[PDB]
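Chains B, B', B'', E, E' and E'' supply the protein sequences, listed in that same order. A prime marks a further copy of an entry chain.
If you count by the deposited numbering, then the first sequence holds residues 522 to 550, 562 to 664, one letter each, in order.
If you count by the deposited numbering, then the second sequence holds residues 522 to 550, 562 to 664, one letter each, in order.
If you count by the deposited numbering, then the third sequence holds residues 522 to 550, 562 to 664, one letter each, in order.
If you count by the deposited numbering, then the fourth sequence holds residues 3 to 9, 11 to 27, 27A to 27C, 28 to 95, 95A, 96 to 106, one letter each, in order.
If you count by the deposited numbering, then the fifth sequence holds residues 3 to 9, 11 to 27, 27A to 27C, 28 to 95, 95A, 96 to 106, one letter each, in order.
If you count by the deposited numbering, then the sixth sequence holds residues 3 to 9, 11 to 27, 27A to 27C, 28 to 95, 95A, 96 to 106, one letter each, in order.
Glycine included, every Cβ here is placed at the ideal spot set by N, Cα and C.
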Amino acid sequence: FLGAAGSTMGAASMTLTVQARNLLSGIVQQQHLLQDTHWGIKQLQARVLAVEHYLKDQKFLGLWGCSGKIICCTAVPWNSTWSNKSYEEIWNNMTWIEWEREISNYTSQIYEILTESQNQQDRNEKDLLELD
Amino acid sequence: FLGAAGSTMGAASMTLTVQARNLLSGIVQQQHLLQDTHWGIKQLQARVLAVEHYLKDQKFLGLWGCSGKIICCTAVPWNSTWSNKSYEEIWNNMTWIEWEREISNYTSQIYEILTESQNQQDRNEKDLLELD
Amino acid sequence: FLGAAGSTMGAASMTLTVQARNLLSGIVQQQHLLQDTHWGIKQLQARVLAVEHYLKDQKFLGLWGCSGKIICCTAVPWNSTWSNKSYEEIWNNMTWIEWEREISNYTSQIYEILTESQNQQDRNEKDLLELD
Amino acid sequence: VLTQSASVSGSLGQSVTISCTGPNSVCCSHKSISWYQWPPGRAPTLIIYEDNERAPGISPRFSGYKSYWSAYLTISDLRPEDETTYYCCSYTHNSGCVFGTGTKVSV
Amino acid sequence: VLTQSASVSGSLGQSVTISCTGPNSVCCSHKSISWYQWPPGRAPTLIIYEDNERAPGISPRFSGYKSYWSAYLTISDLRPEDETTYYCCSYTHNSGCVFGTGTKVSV
Amino acid sequence: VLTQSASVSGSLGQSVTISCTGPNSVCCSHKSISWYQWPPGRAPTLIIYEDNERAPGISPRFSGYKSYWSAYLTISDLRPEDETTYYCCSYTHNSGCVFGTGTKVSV
Ligand SMILES: *[C@@H]1O[C@H](CO)[C@@H](O[C@@H]2O[C@H](CO)[C@@H](O)[C@H](O)[C@H]2NC(C)=O)[C@H](O)[C@H]1NC(C)=O
Ligand SMILES: *[C@@H]1O[C@H](CO)[C@@H](O[C@@H]2O[C@H](CO)[C@@H](O)[C@H](O)[C@H]2NC(C)=O)[C@H](O)[C@H]1NC(C)=O
Ligand SMILES: *[C@@H]1O[C@H](CO)[C@@H](O[C@@H]2O[C@H](CO)[C@@H](O)[C@H](O)[C@H]2NC(C)=O)[C@H](O)[C@H]1NC(C)=O
Ligand SMILES: *[C@@H]1O[C@H](CO)[C@@H](O)[C@H](O)[C@H]1NC(C)=O
Ligand SMILES: *[C@@H]1O[C@H](CO)[C@@H](O)[C@H](O)[C@H]1NC(C)=O
Ligand SMILES: *[C@@H]1O[C@H](CO)[C@@H](O)[C@H](O)[C@H]1NC(C)=O
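Printed below as a string of structure tokens:
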């Protein structure tokens, strides 16, 4: 989380690593639990929600063939309806929160297309290829 | 889960994607929790079991080198003892539940062999290869 | 866990598979839960801790581009300060617990470097490569 | 309209071949040819459905082939249970089945 | 010091081109050339900032190019709203902007 | 049966070489050759165990090599602590160690 989101997206592309480090869990020095009766259940819920959000993002990653990479390039072409902004307008004038706010309404269809396309290409075509 | 399991396996091979989508979690519109005393613990158990089964399947996937793919081809040859049925008998006459019922008794040994073979090939042989 | 840690590291390199099998969960024949009031919460905590440690190790694996492999080779050169011991001194004279004890103090910096290096190479350089 | 060899004979452990040929519109190019063992007065049996593909449970000693003007059914390691009449059919995925004139394998 | 074509004219649906050239230290090699539509007595407008790159919202019928001794601004599918004065500038990432002598597009 | 150079001498910062050779059944082909620094009247020291591989903690100025008829031990950057007797041995993974006749490094 060390990265500053006030920098342009091309600047946070370098800082992705520390943010991906803090996502999994805190840096080492995990928590001693005396298991208070009728207490600590909120703590178990907190840990479960942490692993739940991590797993949601890793589910999206694994469905996209990027299960091992932080940056992965996809064969999905960009819809101009999503944004007519250029490369130097996005990566040099916008910040990550701004861009995600602009793309939020289409993010769902983007996820669905990205999962369908990246999966079909790497499964059906590669299957038919090694078939011969 | 949208896919119909009454279709042949060659037909559900196309519908794999929606079923893999519904597995992770429901489609967005997650649950507000007022944390009823002595209640909701069944809900936490339900969420934990959901992530547990998802993680079981992803464990099998990652042990098989397929951690990023929905379809992956393996170098495990098919044992005729598992089933003497042909390709056009399996993929054109049987449905997925039928085939899994037929293969259920061997599924364990299949998992073990598949984990040993796919791991040895992609680790020991590739290690010895880049050794020179 | 079947593997014996009293053998040299070159011997346990062969036995990695059974240990990786037992890590996920026990072999099949999962647990019927009658949900005792104010009880079994320790069991839910146990299951959550199991999935938590599994996910910690898989987080380290996925950050390292090895999300699908048991053995993966990295482009991180070995620091002689970590250990001046040779190949035949490590893999033929030491056991895995001994070596991890020797490397424990540097393991953190090793993880950080390994995550930064393996990620930069497979993301920034590969991104610039397909750019042309 | 589909014609075969009139009759044919063999012996133990041999391999008897039967032909199935007709006009271009009946048995030519890539129209699937099926072969049924059909004892007279009883129920038939699917021996070979696709040109080079057999039915499940069939002994592997039965083989099929298709040329550009005739399809051939070969029976290897002949056994007394093969002494029946065999028939062929020409069919596509939607076109109907057109049987043949049959061939009695003697021994 | 940056000189352009004195004046130029066109018609409906055509494509009028304007030049922008100067000494080696002003307009040569790879010094970025920008093009502004600047109606007289009102506010300017960024038409093309990088040599081959436009401003957002600009109609795609505006194009830019840079040779080794002169940069060219082309206006295709001419419309009555293009009848203004256009100006160019030479700049780098830290060096200041050096405007041009302007060109009035007639029709 | 393993013979070395009788005696050898050197000076500061130099590199003295010692040989170790014998019959085909003792020192030929790929039978591992080890080199021990063995001061007279005290405890030995593993200098080089595998032909081209040293012992841990050994100064890197010690090197070993094996030809098809003789193995060589080289000591570079000679220091007064090297003035001892050195011995070689021929061994395989199960065959026993066969020491040599030794060589006294003078200076
Ligand atoms: C940088 O990008 C942002 C895109 O978000 C541009 O700002 C947007 O402007 C439109 C109207 O022109 C608004 O509807 C959006 O809400 C704005 N988004 C913001 C402020 O995040 C901005 O114009 C771009 N900068 C330049 C110089 O073009
Ligand atoms: C389609 O495949 C199924 C395989 O399951 C075949 O049905 C099986 O038949 C055997 C006996 O012949 C039974 O023991 C199995 O329980 C059946 N499995 C079922 C019903 O799922 C079926 O014969 C095949 N179809 C054809 C035309 O061969
Ligand atoms: C095998 O490797 C171990 C490395 O751990 C060596 O033992 C170490 O020796 C140093 C002192 O020389 C101690 O500080 C360490 O605690 C030891 N580690 C142990 C015992 O695990 C050992 O010398 C090596 N064997 C040989 C023959 O060199
Ligand atoms: C992308 O643009 C194409 C072009 O017409 C359109 O058909 C499609 O619906 C668009 N998809 C999304 C998700 O915007
Ligand atoms: C697969 O078939 C071979 C052939 O004999 C046999 O040795 C082996 O045990 C079989 N394995 C399984 C899992 O059926
Ligand atoms: C590795 O060794 C280099 C060599 O000087 C040193 O600069 C670096 O700090 C060392 N890193 C670790 C993690 O030991």
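Requested in this report: Could you check what DSSP says for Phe522 of chain B'' in three-state terms: helix, strand or coil?
Outcome: Here residue 522 of chain B'' refers to the residue found at position 1 when the third sequence is read from its first residue. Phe522 of chain B'': coil per DSSP, three-state reduction.
Report task. Can you say whether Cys23 of chain E is buried or exposed, counting buried as having 16 or more other CB atoms within 10 angstroms of its CB? Result -> To locate residue 23 of chain E, count along the fourth sequence from 1; it is residue 20. So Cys23 of chain E ends up on the buried side.
Report task. For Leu646 of chain B, I'd like the list of residues in its chain whose CB is within less than 7 Å of its CB, leaving aside the five on either flank, ordered along the chain. Result -> For the purposes of this step, residue 646 of chain B is taken as the residue at position 114 of the first sequence. Within the same chain, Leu646 of chain B has close Cβ partners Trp596, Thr606 and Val608.
Report task. Kindly indicate if chain B'' contains any beta-carbon less than 8 Å away from that of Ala532 of chain B. Result -> What you label residue 532 of chain B is simply residue 11 of the first sequence in a count that begins at 1. Judged by the 8 Å Cβ criterion, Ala532 of chain B is not in contact with chain B''.
Query - Buried/exposed call for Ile47 of chain E, threshold 16 Cβ in 10 Å - result: Position 47 of the fourth sequence, counting from 1, holds the residue named residue 47 of chain E. The Cβ neighbour count for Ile47 of chain E, taken over all protein chains shown within 10 Å, is at least 16; the residue is labelled buried.
Report task. With distances taken Cα to Cα, identify the nearest neighbour of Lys588 of chain B'' among B:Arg542, B:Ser534 and B:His570. Result -> Along the third sequence, one-based indexing puts residue 588 of chain B'' at 56. It is B:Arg542 whose Cα lies nearest to the Cα of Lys588 of chain B''.
Requested in this report: Out of B:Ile603, B:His570, B:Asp659 and B:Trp631, point me to the one whose CA is closest to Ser528 of chain B's CA.
Outcome: Start at 1 with the first residue of the first sequence, and residue 528 of chain B comes out as number 7. The shortest C-alpha separation from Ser528 of chain B is found at B:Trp631.
Query raised in the report: Are the C-beta atoms of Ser618 of chain B'' and some chain E'' residue less than 8 Å apart?
Result: Taking the first residue of the third sequence as position 1, residue 618 of chain B'' is located at position 86. Output row for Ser618 of chain B'': interface = yes.
**Report entry** Beta-carbon neighbours of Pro44 of chain E', restricted to chain B and to distances below 7 Å
**Finding:** The residue you call residue 44 of chain E' lines up with position 44 of the fifth sequence. Going along chain B, no residue has its Cβ under 7 Å from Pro44 of chain E', so there is no contact; the nearest lies around 19 Å.
Query - Partners in chain B'' for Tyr638 of chain B, counting only beta-carbon separations shorter than 7 Å - result: As a working note, residue 638 of chain B is residue 106 in the first sequence. Here the premise fails: no neighbours, minimum Cβ distance about 23 Å.
Query raised in the report: Can you find a heavy atom of ligand 6 that lies under 7 Å from the Cβ of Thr529 of chain B''?
Result: As a position in the third sequence, residue 529 of chain B'' is number 8, starting the count at 1. Not so, every heavy atom of ligand 6 lies at least 7 Å from the Cβ.
Report task. Determine the extent of the beta strand (DSSP E) in which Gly64 of chain E is found, giving its start and end residues. Result -> Along the fourth sequence, one-based indexing puts residue 64 of chain E at 64. Here the beta strand (DSSP E) through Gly64 of chain E covers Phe62 to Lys66.
Report task. Please list the residues of the segment 44 to 67 of chain E that have a C-beta atom closer than 8 Å to any C-beta atom in chain B', keeping them in chain order. Result -> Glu50, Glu53 and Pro56
**Report entry** Amino acids of chain B, ordered along the chain, whose beta-carbon sits closer than 7 Å to that of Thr536 of chain B''
**Finding:** Working through the third sequence from its first residue, we reach residue 536 of chain B'' at position 15. Here the premise fails: no neighbours, minimum Cβ distance about 25 Å.
Query raised in the report: If you draw a straight line from the alpha carbon of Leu660 of chain B'' to that of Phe592 of chain B, how long is it in whole angstroms?
Result: For the purposes of this step, residue 660 of chain B'' is taken as the residue at position 128 of the third sequence. For the purposes of this step, residue 592 of chain B is taken as the residue at position 60 of the first sequence. Straight-line measurement puts the Cα of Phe592 of chain B at about 24 Å from the Cα of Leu660 of chain B''.
Query raised in the report: Would you say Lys31 of chain E and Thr100 of chain E are within 8 Å of each other, going by their C-beta atoms?
Result: Locating residue 31 of chain E in the fourth sequence gives position 31, counting from the first residue. Locating residue 100 of chain E in the fourth sequence gives position 101, counting from the first residue. No, these two residues do not count as a Cβ contact at 8 Å.
Report task. With 8 Å as the C-beta to C-beta threshold (strictly closer), list the residues of the segment 570 to 586 of chain B' near chain B'' in chain order. Result -> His570, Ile573, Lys574, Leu576, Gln577, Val580, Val583 and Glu584
Requested in this report: Give the residues from the segment 620 to 650 of chain B' that approach chain E closer than 8 Å (Cβ to any Cβ), ordered along the chain.
Outcome: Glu620 and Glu621
**Report entry** Buried/exposed call for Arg42 of chain E', threshold 16 Cβ in 10 Å
**Finding:** Taking the fifth sequence and counting its residues from 1, one reaches residue 42 of chain E' at position 42. Counting Cβ neighbours within 10 Å, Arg42 of chain E' comes out exposed, since fewer than 16 surround it.
Query raised in the report: Does the Cβ of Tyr68 of chain E have 16 or more other Cβ atoms within 10 Å, making it buried, or fewer, making it exposed?
Result: Here residue 68 of chain E corresponds to residue number 68 of the fourth sequence, with the count starting at 1. Of the other Cβ atoms in all chains shown, fewer than 16 fall within 10 Å of the Cβ of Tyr68 of chain E; this residue is therefore exposed.
Query raised in the report: Should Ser105 of chain E and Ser7 of chain E be called a contact, given that it needs their Cβ atoms to be closer than 8 Å?
Result: Along the fourth sequence, read from residue 1 onward, the residue named residue 105 of chain E stands at position 106. Along the fourth sequence, read from residue 1 onward, the residue named residue 7 of chain E stands at position 5. No, they are not a contact pair.
Query raised in the report: Hey, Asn625 of chain B and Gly531 of chain B are a contact pair by Cβ (cut 8 Å); roughly how many whole angstroms apart?
Result: Taking the first sequence and counting its residues from 1, one reaches residue 625 of chain B at position 93. Taking the first sequence and counting its residues from 1, one reaches residue 531 of chain B at position 10. That belief does not hold up - the Cβ atoms of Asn625 of chain B and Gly531 of chain B are roughly 10 Å apart, past 8 Å.
Report task. With hydrogens ignored, establish whether the beta-carbon of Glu634 of chain B'' is closer than 7 Å to any heavy atom of ligand 3. Result -> The residue you call residue 634 of chain B'' lines up with position 102 of the third sequence. Result yes, Cβ under 7 Å from ligand 3.
Requested in this report: With a 10 Å radius around its C-beta and 16 neighbouring C-beta atoms as the bar for buried, classify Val549 of chain B' as buried or exposed.
Outcome: Numbered from its first residue, the second sequence carries residue 549 of chain B' at position 28. Under this definition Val549 of chain B' is an exposed residue.
Query raised in the report: Where do the N-terminal and C-terminal ends of the alpha helix (DSSP H) with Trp628 of chain B fall, by residue?
Result: Within the first sequence, numbered from 1, the residue matching residue 628 of chain B stands at position 96. Looking at the DSSP string, the run of the alpha helix (DSSP H) that includes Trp628 of chain B is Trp628 to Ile635.
Report task. Please name the residue or residues paired with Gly99 of chain E'' in a DSSP beta bridge. Result -> Stepping through the sixth sequence from its first residue, residue 99 of chain E'' is reached at position 100. Partner(s): E'':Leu4.
Query raised in the report: Using the beta-carbon of each residue, which ones in chain B'' are nearer than 8 Å to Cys598 of chain B'?
Result: By one-based count along the second sequence, residue 598 of chain B' stands at place 66. Those are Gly600, listed as they occur along chain B''.
Query raised in the report: By a C-beta neighbour count over all protein chains shown, 10 Å radius and 16 as the cutoff for buried, is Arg655 of chain B buried or exposed?
Result: Position 123 of the first sequence holds residue 655 of chain B. The residue is buried, with at least 16 neighbouring Cβ atoms inside 10 Å.
Report task. With DSSP collapsed to three states, give me the class of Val608 of chain B''. Result -> The sequence position of residue 608 of chain B'' within the third sequence is 76, counting from 1. Coil, per DSSP.
Query raised in the report: Is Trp610 of chain B'' near ligand 6, in the sense that its beta carbon is under 7 Å from a heavy atom of that ligand?
Result: Numbered from its first residue, the third sequence carries residue 610 of chain B'' at position 78. No; taking the cut-off as 7 Å, the Cβ of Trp610 of chain B'' has no heavy atom of ligand 6 nearer than that.
Report task. At 9 Å on the CB atoms, spell out the chain B' contacts of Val549 of chain B'', in chain order. Result -> Sequence index remark: in the third sequence, residue 549 of chain B'' carries index 28 (1-based). Those are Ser640, listed as they occur along chain B'.
Query raised in the report: Thinking C-beta only, is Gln37 of chain E' closer than 8 Å to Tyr86 of chain E'?
Result: For this step, residue 86 of chain E' is matched to residue 86 along the fifth sequence. For this step, residue 37 of chain E' is matched to residue 37 along the fifth sequence. Going by C-beta atoms, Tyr86 of chain E' is nearer than 8 Å to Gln37 of chain E'.
**Report entry** Rounded C-alpha distance that separates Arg633 of chain B' from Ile602 of chain B'
**Finding:** Along the second sequence, one-based indexing puts residue 633 of chain B' at 101. Along the second sequence, one-based indexing puts residue 602 of chain B' at 70. Rounded to the nearest angstrom, the two C-alpha atoms are 21 Å apart.
Query - Below-8 Å beta-carbon distance, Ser546 of chain B vs any chain B'' residue - result: As a working note, residue 546 of chain B is residue 25 in the first sequence. Chain B'', which has a Cβ nearer than 8 Å to the Cβ of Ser546 of chain B, makes this yes.
Query raised in the report: What is the rounded straight-line gap between the Cα of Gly95A of chain E' and the Cα of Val27B of chain E'?
Result: Position 96 of the fifth sequence holds residue 95A of chain E'. Position 26 of the fifth sequence holds residue 27B of chain E'. Between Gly95A of chain E' and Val27B of chain E', the C-alpha separation is close to 11 Å.
**Report entry** Test: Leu595 of chain B' CB closer than 8 Å to a CB of chain B''
**Finding:** Residue numbering aside, residue 595 of chain B' sits at position 63 when the second sequence is read from its first letter. Yes - at least one Cβ of chain B'' is within 8 Å of the one on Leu595 of chain B'.
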